[PDB]
Amino acid sequence: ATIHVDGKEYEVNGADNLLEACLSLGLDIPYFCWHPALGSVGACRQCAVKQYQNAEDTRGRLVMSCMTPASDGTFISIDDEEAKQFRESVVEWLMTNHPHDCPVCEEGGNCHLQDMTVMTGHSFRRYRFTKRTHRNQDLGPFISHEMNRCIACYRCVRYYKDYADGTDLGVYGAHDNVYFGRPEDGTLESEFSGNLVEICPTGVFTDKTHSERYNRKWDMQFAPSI
Amino acid sequence: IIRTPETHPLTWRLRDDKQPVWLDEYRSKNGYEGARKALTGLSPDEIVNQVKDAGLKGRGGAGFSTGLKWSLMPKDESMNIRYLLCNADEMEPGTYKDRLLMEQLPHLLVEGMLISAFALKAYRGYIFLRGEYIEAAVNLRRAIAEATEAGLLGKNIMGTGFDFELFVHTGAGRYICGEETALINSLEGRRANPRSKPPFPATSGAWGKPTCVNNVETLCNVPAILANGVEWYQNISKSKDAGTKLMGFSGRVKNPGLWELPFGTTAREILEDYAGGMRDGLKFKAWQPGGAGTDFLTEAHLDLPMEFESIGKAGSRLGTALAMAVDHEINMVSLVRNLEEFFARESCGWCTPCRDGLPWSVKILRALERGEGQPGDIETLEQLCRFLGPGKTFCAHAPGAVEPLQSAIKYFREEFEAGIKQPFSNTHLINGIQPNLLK
Amino acid sequence: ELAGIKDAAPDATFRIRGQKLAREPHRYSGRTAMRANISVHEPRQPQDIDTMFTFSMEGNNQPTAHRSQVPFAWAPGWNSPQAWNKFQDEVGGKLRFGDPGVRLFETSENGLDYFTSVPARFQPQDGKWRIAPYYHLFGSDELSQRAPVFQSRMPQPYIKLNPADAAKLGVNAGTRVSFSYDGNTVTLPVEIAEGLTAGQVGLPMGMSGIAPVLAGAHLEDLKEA
Amino acid sequence: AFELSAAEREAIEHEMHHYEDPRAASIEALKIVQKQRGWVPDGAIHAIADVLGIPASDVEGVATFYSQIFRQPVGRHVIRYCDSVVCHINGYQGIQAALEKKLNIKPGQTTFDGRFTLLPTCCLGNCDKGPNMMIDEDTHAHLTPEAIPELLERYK
Amino acid sequence: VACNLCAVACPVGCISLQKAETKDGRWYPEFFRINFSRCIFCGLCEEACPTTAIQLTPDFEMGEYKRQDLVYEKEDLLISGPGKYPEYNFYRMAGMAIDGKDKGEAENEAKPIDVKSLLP
Ligand SMILES: NC(=O)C1=CN([C@@H]2O[C@H](COP(=O)(O)OP(=O)(O)OC[C@H]3O[C@@H](n4cnc5c(N)ncnc54)[C@H](O)[C@@H]3O)[C@@H](O)[C@H]2O)C=CC1
Ligand SMILES: Cc1cc2nc3c(=O)[nH]c(=O)nc-3n(C[C@H](O)[C@H](O)[C@H](O)COP(=O)(O)O)c2cc1C
Ligand code: SF4
Ligand code: SF4
Ligand code: SF4
Ligand code: SF4
Ligand code: SF4
Ligand code: FES
Ligand code: FES
């Protein structure tokens, strides 16, 4: 398949969506709800690009790159001004209720939400009203729970139920009061519950064992091991 | 008002004492004749083409062609499990037509579902009815029992070998459940989040099977089409939208109510000749044509025919065609605050712009209501209207949410500007740190 | 037969444009203070003669570097685990220059013969209890069961019994019964296993006091303590 | 603890007969438990999940999604006043204030004797006869603040 | 709060600390050491501090006989008051609950609404 991103030609797989095709090409599109192993659901609305009908089209429309096939002869723009404004607005809407928590948050320096907030260029707060707040749950000895930091991207429930076939994690409530966790306090029963700390793009689900002796990612000495 | 079967196909069987019409009285008034004709003398594809060239459109509010929607079911013979769903949710503020249809004429809906399920080859049918319509549920269950005892429902209907079972699924109170894919999710026993399209429910809907979702009023328009023919339905009115529509006016008018009118009836004709105009001492200020999710229109738009195309080019939507009148004593900021509070709390929470941008508009409108607005609030509301439009959110709940806000800002900007009193302050002073004073 | 372990990773002389592979990020902090309480003189960088990695930030961790051993994923603007997108050939696929690790053997051209040693069916002998292995993700592995965070996640020690066998022995759920293996009379509480076949005792393999070699063994004088 | 009664369980299986997937009876199972006991208690989630063969997290997600499935204890009678746009034009605020004065409780609360619980609700589909309220199963239209105390006496 | 922003912002790398937590969840440094034989007094750590904990003060008289004594631990750094910023409290802003400050008690925070609440 042939796509044209910002006037540049690219050869991609037509069976892929535009988000994974553009990320495979090295282009940067902000995203939350999509994961490579979980598929596309189009929830967070972060991955907006401007799609044009043809080469001689200047109006276009905003589409979700994760929900749009990377079909042959597809004309899109990432750096379009309206697309950039909408992506910044999505980050801003996520920022309205987000707690002032980065210094005391185990995700800091390793946080996809921090990276996408910086990537969209959103650094000025004009929202002045109250932030919604949630109580936390005890999830056992491995996973720490902090629902204030949730951006309702649904990655956790999609991984835990649709991928890992777990039964004791879910989404509750409605509108801006959606809650992600167990129906009651208790240990997460899945043998693969620990992947939530990397699946969750925020600091809702964090490594409790690491949190005991916490340090930031830049301070780590890493090695590839088995 | 005189009601004839030829001019009022949906409401001519309505009794004067507002009592429901049961099977004997319905069948005495040409009931199930269209069902008999469709099930005996017509192929399912013939009925689908009959509805398609009759020009029947979706009465849920979008006006999509019903025959075209029926044609999109797969031609695969191995897909023998099919569902017809009747969207009896009707949760739009300002909409009360389906309650009238199912409370007093339940057999009309039952017959329309029978004809549609024969045309769609749907082995099962479900009436997705809201939980607050208690009398509609009682009357629909009684009508289903009466039709089952007389052979209109069940196995071997009319001796034709067609098996059709009709259920009534009572809802648990969310406005998003009326969205058709969210309706399917709710019918499956899940949280009523909508689904992305394509695939449309015609190919993979309820439990992955071919599914067709239709409004109560569309299925009620079906039997008169099948009984009187296509030619009668085309010559009801000389408008691009064929047939009759339940239209009304509500809200501080002399006669708030609901009347069956041809398409192309002007909104002024409904307001004065049917609703009696505004009440004494009240002056007309604005109106919404088709429910809470439509743009406001002014007095200059009252001389416009109630069609999809005419209201669409006026900057609004025809919607449910149940208009609401707003008098001069109603503050527009408080009205849009009420509307946005409804829309924000009825968010399903799936997607960011609606779930986290409708409450921001609610808070801004609440601040504007008590004169606590700050500069940049109206620009924020306009940006929210632009960025919650079609294609930006996952479903059409939020574009409908921001239609009245943008129309009220367009037409009544002086009321929104009057709430801006305080200067903008997002920060407090921190002792020891000199602030960066932006110009 | 182990000749393929040479190509599992390149030797210690491997370089990316002359430089080693960094073990720590470029913003690694506290270099002149993390050991300052022991001595204010900063020690020599630990030398790695064994591998191509260096015990410092002075190395390469570019996503476009021609290697297969990636110590951690980081790209500018991508500090989260999403930087693995930058380290892959396509997103969700393989690492850009191949996944590490090689297979020791290929599929052989010819197969084996059919195994004709079909066992006889299980028969419950009186007074002998066949040990059925029960494994636990938290507890059966030796080193991981030594981890302190696993003790809360570890199940309590137990013995699984069929309802018919427990009724024959006159024990209920929770009653402590004792058995002798290799001259070690140990006592465990009984829990009832519906799906276990009669004539078997379910034991948690790999736990403290229950070796994994007990799987398939037999038990004598298993009675209530 | 919680135990499903024989009538509740039988009604739940009868509703399970109506669909090709027993998960589709979750809303009506919660409504059956709520109709019998006024609300859905915490053990009812696990009981309905066990009967339906679906996880308890799914049942709780359904129960907390839908506003008319009550996961907190309510009074003997649930007043649901419409706070939508047409009833706002027709003056639901006077009706709400009359309910405040008569019941001495805020919306979302329950009276001290457990007789009434006051709740706002979306449009009841009765906008031409507004303002509207819904006490337990009866809808009352053409409301006036004077008729509210007379309306509240016939619900003991 | 032992967020380690000052240590990474230090161009000399002369700050070393470790996070610890109280029973109520308050983050604090288990230790905090600064190598003042390395420190260039550039003020980047104070600039990077999001709680105004670390502060460069008007005191230059810092000469020492042994270089090992220029390693200042937490007992040589923590003073009895707020220093240059008298009123700022990070934990009044943070959403994380600690002792004396529950969920919904920070600035610009609404009270938590349970998903089981009867209000729509
Ligand atoms: N109580 C009520 O009656 C309410 C009505 N509405 C109305 O709902 C409308 C928006 O609903 P939507 O479903 O989003 O409208 P839509 O325009 O997306 O589609 C309406 C119908 O046409 C079908 N359809 C449309 N394009 C199709 C295609 N290419 N292929 C196959 N099927 C296709 C859909 O499946 C659906 O059944 C608005 O006009 C609004 O006024 C909104 C809220 C409440
Ligand atoms: C948020 C939302 C709510 C809706 N609620 C209803 C409803 O309550 N009843 C209804 O018939 N259609 C409703 N619709 C429209 C449906 O999606 C669908 O178009 C209609 O029910 C069936 O199409 P039809 O008009 O061709 O019969 C809603 C749409 C949206 C976006
Ligand atoms: S989740 Fe990310 S953005 Fe939110 S407080 Fe934690 S580090 Fe900051
Ligand atoms: S808890 Fe994390 S993964 Fe789950 S929806 Fe919230 S931000 Fe996404
Ligand atoms: S616009 Fe988004 S959050 Fe709102 S009701 Fe539709 S899918 Fe749900
Ligand atoms: S003032 Fe000293 S401790 Fe602080 S950043 Fe500069 S060199 Fe490091
Ligand atoms: S002194 Fe400030 S920057 Fe350094 S760890 Fe403590 S709170 Fe963070
Ligand atoms: S990543 Fe595409 S909408 Fe979320
Ligand atoms: S607006 Fe109240 S009943 Fe519709």
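- Method of structure determination, per the deposited record: cryo-EM was used for this entry, reaching 2.29 Å resolution.

### What to know about the nonpolar core
Residue and element names in this part refer to chain B.
Okay, step 1: Counting 262 residues, the largest nonpolar core has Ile-127 and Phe-416 as its most contacted members.
Okay, step 2: Broken down by element, the residue count for this core peaks at nine residues, all from helix α6 (residues 106-119).
Okay, step 3: Residues contacting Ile-127, with those up to four places away along its chain left out, are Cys-86, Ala-88, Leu-109, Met-113, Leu-140, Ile-144, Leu-166, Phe-167, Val-168 and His-169.
Okay, step 4: Counting residues in hydrophobic clusters, the runner-up holds 24 residues, among them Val-253, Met-278, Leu-318 and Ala-325.

### Examining the interface of chain D and chain B
Okay, step 1: Each side of the interface is counted separately: chain D has 40 residues, and chain B has 53 residues.
Okay, step 2: Carbon and sulfur atoms make up 56% of the surface buried where chain D meets chain B, a total of about 3,800 Å² over both sides.
Okay, step 3: The largest per-residue losses of area from chain D upon contact with chain B belong to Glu-20, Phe-65 and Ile-89 of chain D, which jointly make up 19% of the total buried on that side.
Okay, step 4: Here chain D and chain B share two salt bridges between them.

### Quick look at a nonpolar patch on the surface
Okay, step 1: On the surface, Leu-2, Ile-5, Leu-104 and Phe-105 of chain C cluster together into a nonpolar patch covering about 480 Å² of accessible area.
Okay, step 2: Among the structural elements, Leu-104 of chain C can be located in the loop between β2 (53-54) and β3 (128-134).

### Observations regarding the site of ligand 1
All names here are of chain B.
Okay, step 1: Near ligand 1 there are 16 residues, and of these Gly-60, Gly-61, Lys-69, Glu-180 and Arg-317 occur at the shortest range.
Okay, step 2: Contact distances for ligand 1 include 3.1 Å between an oxygen atom and a backbone N or O atom of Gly-60.
Okay, step 3: Broken down by class, the residue content of the shell around ligand 1 amounts to seven nonpolar, four polar and five charged.
Okay, step 4: In terms of domain composition, the shell around ligand 1 takes at least three residues from each of domain 1 (23-235) and domain 2 (244-327).

### So, unusual backbone geometry
With the exception of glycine, most residues fall at negative phi, and the peptide bonds are largely trans.
Okay, step 1: Across the junction of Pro-198 of chain B and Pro-199 of chain B, the peptide omega takes the value 0 degrees, indicating a cis bond.
Okay, step 2: Residue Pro-131 of chain D is bonded to the preceding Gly-130 of chain D through a cis peptide linkage, with omega at 0 degrees.
Okay, step 3: As for its placement among the helices and strands, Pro-131 of chain D is situated in the loop between β2 (116-121) and β3 (133-135).
Okay, step 4: Not every positive phi belongs to a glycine, and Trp-207 of chain B is a case in point at roughly 55 degrees.

### Quick word on the site of ligand 6
Okay, step 1: With respect to spatial proximity, 13 residues lie near ligand 6, and among them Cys-10, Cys-39, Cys-42, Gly-43 and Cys-45 of chain E are the closest.
Okay, step 2: By residue class, the composition of the shell around ligand 6 is 12 nonpolar, one polar and no charged.

### Remarks on the interface of chain D and chain A
Okay, step 1: Facing the seven residues of chain D at the interface are 10 residues of chain A.
Okay, step 2: For the pair chain D and chain A, the two sides together bury roughly 600 Å², of which 59% comes from carbon and sulfur.
Okay, step 3: Scanning the region where chain D abuts chain A turns up one salt bridge.
Okay, step 4: At the boundary of chain D with chain A, the tally comes to four residue pairs in polar contact.
Okay, step 5: Taken together, the residues of the side of chain D that touches chain A sort by class into two nonpolar, three polar and two charged.

### Details of the side chain of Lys-161 of chain A
Okay, step 1: The residue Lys-161 of chain A is located in helix α4 (residues 155-163) in this model.
Okay, step 2: Note on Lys-161 of chain A: relative accessible area 18%, which makes it buried.
Okay, step 3: A distance of 2.8 Å separates polar atoms of two side chains, one belonging to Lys-161 of chain A and the other to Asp-58 of chain D.
Okay, step 4: Once residues lying within four places of it in the same chain are set aside, the contact partners of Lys-161 of chain A are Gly-166, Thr-167, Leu-169 and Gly-170 of chain A together with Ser-57 and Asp-58 of chain D.

### Regarding the pattern of salt bridges
Residue and element names in this part refer to chain B.
Okay, step 1: Enumeration over the complete set of coordinates arrives at 65 salt bridges over all chains.
Okay, step 2: A salt bridge links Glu-33 to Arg-36; its shortest N-O distance comes to 2.8 Å. Within this pair, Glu-33 and its partner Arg-36 are both found in helix α2 (residues 33-41), separated by three residues, close to a single helical turn.
Okay, step 3: Take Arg-36: its relative accessible area is 37%, and that puts it in the partly exposed class.

About the criteria used
As a convention, residue numbering begins from 1 on each chain and follows the written sequence, not necessarily the numbering found in the entry; residues with no coordinates do not appear. Going through the entries in the order they are written, you letter the chains from A and number the ligands from 1. What appears here is a fragment of a larger assembly, so each number quoted concerns just the fragment shown. Hydrogens and water are ignored here; the side-chain numbers use all heavy atoms of the structure. As used here, the term nonpolar core means buried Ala, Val, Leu, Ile, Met, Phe, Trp, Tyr and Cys residues forming a set that is joined through side-chain atoms within 4.5 Å. Burial status follows relative accessibility: with a 1.4 Å probe on protein chains alone, a residue under 20% of its type maximum counts as buried, one over 50% as exposed, and anything between as partly exposed. Comment: elements are numbered from the N terminus, with helices defined as DSSP H or I runs of at least four residues and strands as E runs of at least two. The contact criterion used is simple: two residues touch if any of their non-hydrogen atoms lie within 4.5 Å. The buried area of a pairing is the accessible area, by a 1.4 Å probe, that goes missing from both parts when the two are put together, added over both. We define a salt bridge as a contact between a side-chain nitrogen of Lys or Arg and a carboxyl oxygen of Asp or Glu at a distance within 4 Å. What goes into a patch is any residue over 30% in relative accessible area without a salt bridge, connected to like charges within 9 Å or, for nonpolar side chains (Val, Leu, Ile, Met, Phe, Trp, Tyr), within 5 Å. Here the accessible surface of atoms and residues is derived via Shrake-Rupley with a 1.4 Å probe, and residues count as covered only by protein chains that are part of the display. To be near a molecule or strand, a residue needs just one of its heavy atoms within 4 Å of it. Identification of polar contacts relies on pairs of N or O atoms within 3.5 Å, with a donor-acceptor requirement for protein atoms, meaning one able to donate a hydrogen and the other able to accept it, and with residues adjacent in sequence counted only if both atoms are side-chain atoms. Classification used: nonpolar for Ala, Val, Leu, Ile, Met, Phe, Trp, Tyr, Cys and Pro, charged for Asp, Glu, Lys and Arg, polar for all others including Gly. Note that the domain bounds were set by an automatic or database domain assignment.

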